[PDB]
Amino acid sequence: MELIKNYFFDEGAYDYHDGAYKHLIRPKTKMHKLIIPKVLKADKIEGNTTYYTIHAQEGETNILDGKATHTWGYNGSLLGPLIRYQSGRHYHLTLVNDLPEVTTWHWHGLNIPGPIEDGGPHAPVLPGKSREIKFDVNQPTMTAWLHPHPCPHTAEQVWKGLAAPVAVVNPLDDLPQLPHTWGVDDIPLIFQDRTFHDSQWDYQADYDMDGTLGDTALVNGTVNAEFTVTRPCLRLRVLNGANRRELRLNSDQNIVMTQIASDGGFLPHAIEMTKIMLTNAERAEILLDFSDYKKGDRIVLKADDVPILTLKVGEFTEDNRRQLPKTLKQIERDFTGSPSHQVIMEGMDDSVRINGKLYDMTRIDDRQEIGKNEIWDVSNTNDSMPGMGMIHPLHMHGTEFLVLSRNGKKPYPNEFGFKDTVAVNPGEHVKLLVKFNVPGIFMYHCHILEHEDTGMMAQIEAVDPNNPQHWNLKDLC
């Protein structure tokens, strides 16, 4: 009835129309057990402050069933742990670079001061050296993530294995009816694509200016992953951590995915679907129900046609199903009037640009006063004809916005919540309601990592009127 059974974005511009597209290959290895990221432990709690330490470091990981792979990871050989943050708490972080080149810690999703706490290009930690930052957190319940933002080297470092999941909990809008037992009924899905060259990742080998694609899907750094379900309800926190690849998530048994959340948090109401497309950097939290299944059944989840995660059903321990409310979260959406900001995304490959300009680190491209609600007009000037086009996902640092309209029409069924990343189809005009809460220099860019690297970034000053600020910007790219 009201069940989606399709993929929302315009198909004529999907990634697989590209001339140098790489199809995924289901690799020949044993079914590995799905790796769950460990929960990051606190060094200490002192007042409302919580002390964390995170090392960027090199290591070997047995991913295939042969040699190991040379990986980069946070507090480990590859990927990183679950980092919990709580709304209304102060956090002290220690960023230790144990890698042999400069990196940053961009907290994609966290609304914290820019451009240092933010973790964008401006804040660099040198090999050997480390960095300290403080910040308060004040935002809704949502799933975020951590990745490197060094310029122009992000893509390479993400490819090298740097990324981590970030859970943010707000006591005043959290839904404790949902599965929350991390590792058991509440799981991340960090989808990425890589190509192994003798059980080894070589970014230089696979590079494409329009975005680098791998031929082998990973999931939490696991290949041919299998997760055993021991409870009826499963909460998946899906994240497209690819450089370029779109994630068209489906199943052969068309199991209903009820989506409770997006990049910015819970949605007004739940949305039932059997498919879901995710562009880069976009998260979705979905519930699955295994009640009407028998023990031993496999529910294979596929990206397009290739299997990436298998959900095997065991004997259930308890029944973790709890009736939800109809409204998951209250959200004002009544906003009108002309756009005060315009972002024309244009080009492909070499040509990629924003408002005709490439990233310059010493330039402020826009300004907006914190607190106010201003409307944006993000557009894509790619050819609409099928295969002519391309889907760029706009990301904005230090904020969560609302999608107001797409070419005048209502946004897709699952976009009535807060987001920080949004797919723009060719020829489209997406209207966004943006509000900055903390001031500072923030980024906005295409989250296809090879585009950002090649200069699809721009900077905005979130202005506090009661604290005009002088900036000493340098370019380190």
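Sequential numbering from 1, following the sequence displayed.
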{"item": "Higher-B stretch (mean Cα B-factor, as the entry records it), 371 to 379 or 173 to 181", "value": "371 to 379"}
{"item": "Of 107 to 115 and 198 to 206, the stretch whose C-alpha atoms average the higher B-factor in the entry", "value": "198 to 206"}
{"item": "Identity of residue with top Cα B-factor, from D292, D360, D305, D349", "value": "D349"}
{"item": "Highest recorded Cα temperature factor - choice among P124, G337, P188, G73", "value": "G337"}
{"item": "B-factor third for the C-alpha atom of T222 within its chain", "value": "middle"}
{"item": "Cα B factor band for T53 (lowest, middle or highest third within the chain)", "value": "lowest"}
{"item": "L249 - which third its CA temperature factor falls in, relative to the rest of the chain", "value": "lowest"}
{"item": "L34 by Cα B-factor - lowest, middle or highest third of the modelled chain", "value": "lowest"}
{"item": "Position of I354 among the chain's modelled residues by C-alpha B-factor, lowest, middle or highest third", "value": "middle"}
